[PDB]
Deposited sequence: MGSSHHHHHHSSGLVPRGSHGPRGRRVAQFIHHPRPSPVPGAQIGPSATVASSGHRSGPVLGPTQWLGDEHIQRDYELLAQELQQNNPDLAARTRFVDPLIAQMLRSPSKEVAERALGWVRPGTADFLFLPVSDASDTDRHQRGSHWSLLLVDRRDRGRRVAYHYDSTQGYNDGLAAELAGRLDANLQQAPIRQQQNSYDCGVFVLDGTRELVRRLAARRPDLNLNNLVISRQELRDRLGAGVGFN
């Protein structure tokens, strides 16, 4: 699996599984771009913003940013401490490090501004300037994780071709995601 219902919120297990699928696809079709790219585990992305600097530096060592051109971080607003606050929203941070002097973290949030506080924390930990980037806004209460996953896949397609990072025209498909995870 893990399988996903028609209106089910995505968990970290769904996001990580699609990121593993994508990581394997990219290393097959574009191994050079795949070596330059990190699809960061959502749990490791939360560790990156930990108030414990020893936990954050461990997470940094797993991400290996110093050799990456692009970091894709799913951003959850789950609490660091409260077992009963496991998150309400997913957004996407793409950190472009190609210019090692002006790294930028593009924040794609399908509810604009929702996760901006956490996005700024992550960008600071990654030595990037935060910039809100356009993505189609969600039209229901359950698809933010699908925006994160399909936005990631669309950005990967655009990075392979030379560019346009405007995701206002993003078309998402929960159906295609459920098929990917179920197969």
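Residues of the deposited sequence that lack C-alpha coordinates fall in the stretches 1-57, 220, 242-246.
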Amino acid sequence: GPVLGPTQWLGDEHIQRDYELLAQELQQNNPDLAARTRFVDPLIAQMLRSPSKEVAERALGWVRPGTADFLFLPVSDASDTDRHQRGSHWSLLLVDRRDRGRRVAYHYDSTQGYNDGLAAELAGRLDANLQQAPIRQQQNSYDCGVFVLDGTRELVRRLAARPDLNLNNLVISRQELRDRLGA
From here on, numbers count along this sequence of modelled residues.
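In this crystal structure, the stretch out of 71-79 and 109-117 whose C-alpha atoms carry the higher mean B factor is 109-117.
Stretches compared: 135-143, 39-47. Higher mean C-alpha B-factor in the entry: 135-143. In the PDB entry, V55 places in the middle third of its chain by CA B-factor. In the deposited entry, the Cα temperature factor of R174 places it in the middle third of its chain's modelled residues. In this PDB entry, the Cα temperature factor of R86 sits in the bottom third of its chain's modelled residues, the lowest group.
In the PDB entry, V104 places in the highest third of its chain by CA B-factor. Among all modelled residues in its chain, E154 ranks in the middle third by Cα B-factor.
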